[PDB]
Amino acid sequence: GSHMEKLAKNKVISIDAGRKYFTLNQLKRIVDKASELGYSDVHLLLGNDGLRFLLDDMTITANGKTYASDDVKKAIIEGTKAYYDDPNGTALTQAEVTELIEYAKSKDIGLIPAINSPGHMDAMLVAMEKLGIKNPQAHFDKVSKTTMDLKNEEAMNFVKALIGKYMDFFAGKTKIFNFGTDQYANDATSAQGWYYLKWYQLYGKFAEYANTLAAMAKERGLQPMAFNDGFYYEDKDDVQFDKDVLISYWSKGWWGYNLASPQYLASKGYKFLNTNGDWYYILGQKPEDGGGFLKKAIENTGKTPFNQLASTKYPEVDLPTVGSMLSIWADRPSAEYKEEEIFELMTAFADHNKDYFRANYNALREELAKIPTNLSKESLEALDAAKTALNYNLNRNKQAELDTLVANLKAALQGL
Ligand SMILES: CC(=O)N[C@@H]1[C@@H](O)[C@H](O[C@@H]2O[C@H](CO)[C@@H](O[C@@H]3O[C@H](CO)[C@@H](O)[C@H](O)[C@H]3NC(C)=O)[C@H](O[C@H]3O[C@H](CO)[C@@H](O)[C@H](O)[C@@H]3O[C@@H]3O[C@H](CO)[C@@H](O)[C@H](O)[C@H]3NC(C)=O)[C@@H]2O)[C@@H](CO)O[C@H]1O
């Protein structure tokens with residue numbers, strides 16, 4: 001059935017935890033709401049401008065030398081603080097992120113980590129400076145502060161190795177790994193990075209870098225994901241890209257930022273994670289700033305259909321997507337993270353799409369945790385009968401249907 005097909009789609013909440021620090025227990029609560037509302041995954045940006053995740057062993061092997069774990073950690077902490085010294089914290093630990101993956105798993109919530117490059121790597125650039133790698137930054141109208149110079153082999157080799165060590169960690173723990181590749185040297189090019197790459201004949205060198213990260217992910221058993229920006233820019237295929245990359249499509253761009261359409265990308269075989277920019281919320285964004293403020297995001301949650309990719313009209317244009325992603329951003333990371341706002345937008349998105357989202361199984365899990373190894377024939381058959389009649393396939397339209405079933409389990413649990 002199509003009932004099966006909709007629930008099998010991805011419902012993802014994206015948290016910008018690269019720019020701004022989130023506590024283990026803050027993220028823990030997001031995945032709780034995600035589970036309750038009927039989401040399937042939490043997308044967690046850990047490298048996005050700042051680098052807010054440190055492994056237990058951060059020993060990097062690149063350029064014929066090795067970088068001591070302690071030297072690497074110290075470098076990264078300084079870089080993340082150079083981007084933005086968050087008073088709430090710097091980086092999540094291995095032990096914390098492991099806990100979140102196992103916690104999310106217990107609630108049928110997948111995790112999708114994101115470590116961003118070659119753009120959005122302010123922290124890594126500084127970390128590499130501190131580590132002995134000179135001038136890792138891209139250079140156009142000015143020296144970039146966000147983007148790696150694709151011609152710096154020493155910088156490229158380090159980042160490749162560093163992303164490899166993160167990937168080694170998520171191998172076996174998560175299905176997907178997002179490497180981003182969005183908005184190249186936007187600070188240094190007046191938001192025309194792709195135009196500057198093609199102008200300086202470095203776009204092929206960009207695809208070569210992205211294809212590497214795609215292959216690195218595959219060989220480690222991770223589904224590679226990237227944003228759409230750099231893929232077949234301006235609908236040109238003079239430079240080819242890896243076709244197995246799950247495209248998180250957010251926008252077709254604006255004047256002078258001529259991104260590939262979803263149609264052109266789909267014609268080349270790409271499957272989409274619908275990351276429509278309409279559903280965007282930037283922390284502390286006000287209706288007067290324009291763009292992605294809360295009440296527009298909550299409004300577009302109903303105005304923009306679930307399967308509708310940015311720059312297209314549904315169902316007139318019906319392109320294949322594995323599901324949808326709702327994205328929360330921290331562009332000014334000093335803005336207050338108000339949990340209520342995110343929970344409200346998450347709810348709205350779920351409420352407008354009750355046939356895609358799952359019912360709330362949290363009550364059921366607590367009631368099933370109350371049944372013992374054994375505690376009387378006839379009363380034990382009612383316990384088996386209620387356990388049989390449980391339906392794990394119900395969507396958000398059927399909470400009542402589910403509640404009745406859990407109630408029958410609660411009643412049957414009190415026999416003898
Ligand atoms: C004047 C004119 O006609 N055109 C150009 C301007 O539009 C352009 O300024 C841009 O404006 C667009 C809006 O049209 C905006 O993109 C939008 O972002 C909204 C949420 O921020 C979202 O609701 C909306 O769907 C989306 N696109 C639309 C409506 O088409 C631009 O914002 C981008 O890009 C700038 C780069 O200049 C970044 O600073 C922003 O952060 C944002 O990038 C992404 O968005 C999120 C949330 O903001 C970030 O956190 C992410 O890091 C980032 N990437 C991803 C993958 O999400 C932009 O402001 C100007 C720019 O010069 O040019 C005019 O010619």
# chains A, B, ... in the order shown; residues from 1 in each chain; ligands from 1
call {"tool": "residues_around", "arguments": {"residues": "residue 334 (chain A)", "least_positions_apart": "6", "cutoff": "9 Å", "atoms": "only C-alpha atoms", "output": "MDAnalysis selection string"}}
result
chainID A and resid 20 84 86 283
call {"tool": "write_last_selection", "arguments": {"atoms": "N, CA, C and O atoms", "output": "PDB file, in the first residue's frame"}}
result
ATOM      1  N   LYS A  20      26.433  26.625  16.656  1.00  0.00           N
ATOM      2  CA  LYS A  20      26.033  26.871  18.041  1.00  0.00           C
ATOM      3  C   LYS A  20      26.032  25.580  18.858  1.00  0.00           C
ATOM      4  O   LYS A  20      25.545  24.547  18.397  1.00  0.00           O
ATOM      5  N   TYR A  84      33.314  31.384  17.078  1.00  0.00           N
ATOM      6  CA  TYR A  84      32.369  31.863  18.081  1.00  0.00           C
ATOM      7  C   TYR A  84      32.566  31.117  19.399  1.00  0.00           C
ATOM      8  O   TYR A  84      32.239  29.932  19.511  1.00  0.00           O
ATOM      9  N   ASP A  86      31.332  30.060  22.328  1.00  0.00           N
ATOM     10  CA  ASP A  86      30.034  29.837  22.954  1.00  0.00           C
ATOM     11  C   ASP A  86      30.192  29.638  24.464  1.00  0.00           C
ATOM     12  O   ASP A  86      30.942  28.759  24.897  1.00  0.00           O
ATOM     13  N   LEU A 283      17.563  30.903  14.263  1.00  0.00           N
ATOM     14  CA  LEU A 283      17.352  31.302  15.655  1.00  0.00           C
ATOM     15  C   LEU A 283      17.371  32.820  15.824  1.00  0.00           C
ATOM     16  O   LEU A 283      18.319  33.491  15.404  1.00  0.00           O
TER      17      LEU A 283
END
call {"tool": "closest_atom_pairs", "arguments": {"of": "chain A", "to": "ligand 1", "cutoff": "8 Å", "atoms": "only C-alpha atoms and all ligand atoms", "output": "Markdown table"}}
result
| residue | atom | partner | partner_atom_place_in_ligand_line | distance |
| --- | --- | --- | --- | --- |
| A:16 | CA | ligand 1 | 50 (O) | 7.5 |
| A:48 | CA | ligand 1 | 52 (O) | 7.7 |
| A:120 | CA | ligand 1 | 52 (O) | 7.7 |
| A:180 | CA | ligand 1 | 56 (C) | 7.4 |
| A:182 | CA | ligand 1 | 56 (C) | 5.6 |
| A:183 | CA | ligand 1 | 54 (N) | 6.7 |
| A:186 | CA | ligand 1 | 36 (C) | 6.6 |
| A:190 | CA | ligand 1 | 62 (O) | 6.3 |
| A:191 | CA | ligand 1 | 37 (O) | 5.4 |
| A:227 | CA | ligand 1 | 56 (C) | 5.9 |
| A:228 | CA | ligand 1 | 56 (C) | 7.8 |
| A:229 | CA | ligand 1 | 56 (C) | 7.5 |
| A:250 | CA | ligand 1 | 56 (C) | 6.2 |
| A:251 | CA | ligand 1 | 27 (N) | 5.6 |
| A:252 | CA | ligand 1 | 30 (O) | 6.7 |
| A:253 | CA | ligand 1 | 30 (O) | 5.5 |
| A:254 | CA | ligand 1 | 4 (N) | 5.1 |
| A:255 | CA | ligand 1 | 65 (O) | 4.8 |
| A:256 | CA | ligand 1 | 65 (O) | 6.4 |
| A:257 | CA | ligand 1 | 63 (O) | 7.8 |
| A:276 | CA | ligand 1 | 25 (O) | 6.5 |
| A:277 | CA | ligand 1 | 25 (O) | 3.3 |
| A:278 | CA | ligand 1 | 25 (O) | 4.3 |
| A:279 | CA | ligand 1 | 23 (O) | 6.5 |
| A:280 | CA | ligand 1 | 23 (O) | 5.2 |
| A:281 | CA | ligand 1 | 20 (C) | 6.7 |
| A:282 | CA | ligand 1 | 47 (C) | 5.8 |
| A:291 | CA | ligand 1 | 19 (C) | 4.6 |
| A:292 | CA | ligand 1 | 20 (C) | 4.0 |
| A:293 | CA | ligand 1 | 20 (C) | 7.7 |
| A:297 | CA | ligand 1 | 23 (O) | 7.5 |
| A:310 | CA | ligand 1 | 25 (O) | 7.2 |
| A:311 | CA | ligand 1 | 30 (O) | 7.6 |
| A:327 | CA | ligand 1 | 57 (O) | 7.7 |
| A:328 | CA | ligand 1 | 50 (O) | 7.7 |
| A:329 | CA | ligand 1 | 50 (O) | 4.7 |
| A:330 | CA | ligand 1 | 50 (O) | 6.2 |
| A:331 | CA | ligand 1 | 50 (O) | 5.2 |
call {"tool": "closest_residue", "arguments": {"among": "A:9, A:205, A:28, A:130", "to": "residue 72 (chain A)", "atoms": "only C-alpha atoms"}}
result
A:130
call {"tool": "closest_residue", "arguments": {"among": "A:68, A:346, A:123, A:394", "to": "residue 31 (chain A)", "atoms": "only C-alpha atoms"}}
result
A:346
call {"tool": "atom_distance", "arguments": {"atom1": "CA of residue 381 (chain A)", "atom2": "CA of residue 366 (chain A)"}}
result
20.4 Å
call {"tool": "atom_distance", "arguments": {"atom1": "CA of residue 398 (chain A)", "atom2": "CA of residue 315 (chain A)"}}
result
25.7 Å
call {"tool": "closest_residue", "arguments": {"among": "A:126, A:363, A:390, A:375", "to": "residue 147 (chain A)", "atoms": "only C-alpha atoms"}}
result
A:126
call {"tool": "atom_distance", "arguments": {"atom1": "CA of residue 407 (chain A)", "atom2": "CA of residue 391 (chain A)"}}
result
12.8 Å
call {"tool": "closest_residue", "arguments": {"among": "A:61, A:96, A:285, A:80", "to": "residue 27 (chain A)", "atoms": "only C-alpha atoms"}}
result
A:96
call {"tool": "decode", "arguments": {"residues": "region 300-317 of chain A", "atoms": "N, CA, C and O atoms", "output": "PDB file, in the first residue's frame"}}
result
ATOM      1  N   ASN A 300       4.545  28.154   6.057  1.00  0.00           N
ATOM      2  CA  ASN A 300       4.980  27.365   4.900  1.00  0.00           C
ATOM      3  C   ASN A 300       4.940  25.867   5.168  1.00  0.00           C
ATOM      4  O   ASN A 300       4.940  25.057   4.240  1.00  0.00           O
ATOM      5  N   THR A 301       4.916  25.514   6.449  1.00  0.00           N
ATOM      6  CA  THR A 301       4.723  24.141   6.893  1.00  0.00           C
ATOM      7  C   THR A 301       3.406  23.557   6.355  1.00  0.00           C
ATOM      8  O   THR A 301       3.295  22.344   6.134  1.00  0.00           O
ATOM      9  N   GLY A 302       2.428  24.436   6.128  1.00  0.00           N
ATOM     10  CA  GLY A 302       1.142  24.065   5.542  1.00  0.00           C
ATOM     11  C   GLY A 302       0.986  24.498   4.093  1.00  0.00           C
ATOM     12  O   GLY A 302       0.339  23.807   3.304  1.00  0.00           O
ATOM     13  N   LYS A 303       1.575  25.640   3.743  1.00  0.00           N
ATOM     14  CA  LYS A 303       1.506  26.169   2.375  1.00  0.00           C
ATOM     15  C   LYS A 303       2.371  25.388   1.384  1.00  0.00           C
ATOM     16  O   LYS A 303       1.961  25.166   0.247  1.00  0.00           O
ATOM     17  N   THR A 304       3.562  24.980   1.814  1.00  0.00           N
ATOM     18  CA  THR A 304       4.460  24.192   0.970  1.00  0.00           C
ATOM     19  C   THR A 304       4.242  22.691   1.217  1.00  0.00           C
ATOM     20  O   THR A 304       4.494  22.202   2.319  1.00  0.00           O
ATOM     21  N   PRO A 305       3.777  21.959   0.184  1.00  0.00           N
ATOM     22  CA  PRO A 305       3.482  20.524   0.297  1.00  0.00           C
ATOM     23  C   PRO A 305       4.712  19.692   0.664  1.00  0.00           C
ATOM     24  O   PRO A 305       5.842  20.121   0.422  1.00  0.00           O
ATOM     25  N   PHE A 306       4.470  18.510   1.232  1.00  0.00           N
ATOM     26  CA  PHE A 306       5.517  17.625   1.759  1.00  0.00           C
ATOM     27  C   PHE A 306       6.520  17.168   0.704  1.00  0.00           C
ATOM     28  O   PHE A 306       7.717  17.081   0.978  1.00  0.00           O
ATOM     29  N   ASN A 307       6.030  16.873  -0.494  1.00  0.00           N
ATOM     30  CA  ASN A 307       6.877  16.377  -1.572  1.00  0.00           C
ATOM     31  C   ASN A 307       7.384  17.467  -2.510  1.00  0.00           C
ATOM     32  O   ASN A 307       8.013  17.164  -3.529  1.00  0.00           O
ATOM     33  N   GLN A 308       7.118  18.729  -2.174  1.00  0.00           N
ATOM     34  CA  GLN A 308       7.470  19.834  -3.063  1.00  0.00           C
ATOM     35  C   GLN A 308       8.883  20.339  -2.839  1.00  0.00           C
ATOM     36  O   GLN A 308       9.218  20.818  -1.755  1.00  0.00           O
ATOM     37  N   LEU A 309       9.700  20.233  -3.880  1.00  0.00           N
ATOM     38  CA  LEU A 309      11.074  20.716  -3.844  1.00  0.00           C
ATOM     39  C   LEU A 309      11.112  22.187  -4.233  1.00  0.00           C
ATOM     40  O   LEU A 309      10.315  22.639  -5.058  1.00  0.00           O
ATOM     41  N   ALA A 310      12.035  22.932  -3.627  1.00  0.00           N
ATOM     42  CA  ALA A 310      12.168  24.369  -3.878  1.00  0.00           C
ATOM     43  C   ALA A 310      12.301  24.674  -5.366  1.00  0.00           C
ATOM     44  O   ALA A 310      12.979  23.948  -6.097  1.00  0.00           O
ATOM     45  N   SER A 311      11.628  25.745  -5.793  1.00  0.00           N
ATOM     46  CA  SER A 311      11.608  26.230  -7.184  1.00  0.00           C
ATOM     47  C   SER A 311      10.666  25.460  -8.112  1.00  0.00           C
ATOM     48  O   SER A 311      10.611  25.732  -9.310  1.00  0.00           O
ATOM     49  N   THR A 312       9.921  24.506  -7.559  1.00  0.00           N
ATOM     50  CA  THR A 312       8.955  23.736  -8.344  1.00  0.00           C
ATOM     51  C   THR A 312       7.571  23.730  -7.688  1.00  0.00           C
ATOM     52  O   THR A 312       7.425  24.065  -6.511  1.00  0.00           O
ATOM     53  N   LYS A 313       6.566  23.343  -8.469  1.00  0.00           N
ATOM     54  CA  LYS A 313       5.179  23.330  -8.029  1.00  0.00           C
ATOM     55  C   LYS A 313       4.655  21.893  -7.979  1.00  0.00           C
ATOM     56  O   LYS A 313       4.792  21.141  -8.945  1.00  0.00           O
ATOM     57  N   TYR A 314       4.063  21.519  -6.847  1.00  0.00           N
ATOM     58  CA  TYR A 314       3.507  20.179  -6.662  1.00  0.00           C
ATOM     59  C   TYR A 314       1.978  20.198  -6.817  1.00  0.00           C
ATOM     60  O   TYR A 314       1.327  21.148  -6.372  1.00  0.00           O
ATOM     61  N   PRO A 315       1.395  19.153  -7.446  1.00  0.00           N
ATOM     62  CA  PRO A 315       2.052  17.969  -8.006  1.00  0.00           C
ATOM     63  C   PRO A 315       2.446  18.065  -9.482  1.00  0.00           C
ATOM     64  O   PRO A 315       2.917  17.073 -10.047  1.00  0.00           O
ATOM     65  N   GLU A 316       2.264  19.238 -10.092  1.00  0.00           N
ATOM     66  CA  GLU A 316       2.668  19.468 -11.484  1.00  0.00           C
ATOM     67  C   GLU A 316       4.063  18.902 -11.761  1.00  0.00           C
ATOM     68  O   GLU A 316       4.245  18.119 -12.695  1.00  0.00           O
ATOM     69  N   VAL A 317       5.037  19.305 -10.946  1.00  0.00           N
ATOM     70  CA  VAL A 317       6.355  18.686 -10.960  1.00  0.00           C
ATOM     71  C   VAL A 317       6.414  17.702  -9.799  1.00  0.00           C
ATOM     72  O   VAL A 317       6.309  18.092  -8.634  1.00  0.00           O
TER      73      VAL A 317
END
